[PDB]
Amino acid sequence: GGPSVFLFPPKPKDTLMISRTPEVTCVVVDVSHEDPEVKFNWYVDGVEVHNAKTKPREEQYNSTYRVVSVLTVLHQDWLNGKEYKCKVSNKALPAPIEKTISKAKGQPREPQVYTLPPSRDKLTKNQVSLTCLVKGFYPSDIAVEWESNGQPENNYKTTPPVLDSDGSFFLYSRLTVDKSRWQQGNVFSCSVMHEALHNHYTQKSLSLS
């Protein structure tokens, strides 16, 4: 064969923050040295758009090129469910490759955020685990973070979303803190970003007594 096309959605945090710019990315791999010319046609709900930009061409070191077109999307357009189509044309392709992306279909559902304190058995170690259960949300596109006193707390790991038995998603975020920080009464907040939350944001706090 010839080139292969991969079409990527915007980053969830970028579609949810008005202060950020979301974008759809059309990646073309296995572009040959003999025919590096790639034609991009972009469609938003079948309507051809002309404002995409081509990223600088990259040599991959396996005798192929990586050709990329990026299309900036409107936050509300992505959240409304518009389909973005990338049509890739190249001499090595028998016919053009068309790939599509859009937000997952289904009525969006609001996440229920619950902070769970560490166990009595967890309180006899050097560090304690603070849990954030995020459940009943739809689609699975979410951003989960942790802070304390206005500063980001970066010692966390979030599970990928799990499909629940009611068709919604759930995940858990785990923040690891020194036992003394927790014991001293410090507040730890779990921030969640999702389209179905009022103002795409919610924060839930946790402290000892």
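We number the residues from 1 along the sequence you see.
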*Take the C-alpha B-factors listed in the entry for 148-156 and for 165-173, compute each mean, and give the stretch with the larger one.*
148-156
_On mean Cα temperature factor in this entry, is 112-120 or 133-141 the higher one?_
112-120
_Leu208 - Cα temperature factor, lowest/middle/highest third of chain_ = highest
_Using only modelled residues of the chain, where does the Cα B factor of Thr64 rank: lowest third, middle third or highest third?_
highest
*B-factor third for the C-alpha atom of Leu74 within its chain*: middle
_Record-listed C-alpha B factor of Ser180: chain third_ = highest
*Check where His33 lands among this chain's C-alpha B-factors and tell me if it's the lowest, middle or highest third.*
highest
